[PDB]
Structures are given as structure tokens and as C-alpha cells.
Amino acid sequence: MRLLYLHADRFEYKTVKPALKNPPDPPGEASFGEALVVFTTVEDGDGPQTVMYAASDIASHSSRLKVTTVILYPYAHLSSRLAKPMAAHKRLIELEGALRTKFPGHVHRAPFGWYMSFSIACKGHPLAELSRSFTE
């Protein structure tokens, strides 16, 4: 699993055209104030241990930033060892579930399988932009 943690002042996205023949999640949009935006690329190795490692780290980092909202934002482009789409979708649902057992704030999982528009205003402070990798 490859993640990018962006500490945003604001974030918004809108699904556009479907990127898969059958996106598993309905189309939509949302916007937010201060939030940790987590661009998430599910990799072939990812299983339950990986999800739990990622959930814990996300929770921990959010704690250090005093953020109260985490956006789980599916992203195909952070690595070149992607999981297949149905496995990736399952992992992301598991990650949302796991994160709720470790982080007390709002957890929003963006829809999976779509081309997206978005806007982010990303903070400039030293921890506002970090990358993570998790495996088992």
C-alpha cells in the first residue's frame, strides 16, 4: 500500500466520468475544511495486516496534527505495483473500517472507480506532506 498524507486547509472532489466499466461506488461530491487527505494506492501484497498498519499510522499522524477529519481518497498513480480493482476496493472498505477503530474523528471514504476533479489547499508546515508504505 502506498499513501500520500496531505494536511489540507480545504479539500473537495467531484466524480466525473466512470474509470471502470462498473464503478462499485455511486457518483458524488464533497468538500471539507481542515483534513488529512490520504491519497491511497492499494498494492498487490496488501492484506489484513497491511490495512491495520495503515489504519494505526493514519490515526497516529492525525493525532500529532490535531486533525479531526481524514479523507481516504482512492488513487491509482502512487506506485507501479497496483492490486486489481475489486481487491483494491475491498482493501479500501477494510481500511475505512479499521481506521474508525483507531481514530475518533470524521472518516470519509471517497468513491472508488471514477475519474475525479478535486481542489486542495495544502498547508506549508513541515508535516503537511508525507508519504507512507505498508506491507505484510
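One rule holds for the numbers: they count along the sequence shown, beginning at 1.
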Per the PDB entry, mean CA B-factor is higher for 28-36 or 72-80, namely for 28-36
Check the PDB entry and point out which of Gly97, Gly47, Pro85, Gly105 has the largest C-alpha temperature factor. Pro85
Compared with the other modelled residues in the chain, in which third is the CA B-factor of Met1? lowest
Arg91 - which third its CA temperature factor falls in, relative to the rest of the chain: lowest
Can you tell me whether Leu65 has a C-alpha B-factor in the lowest, middle or highest third compared with the other modelled residues of the same chain? highest
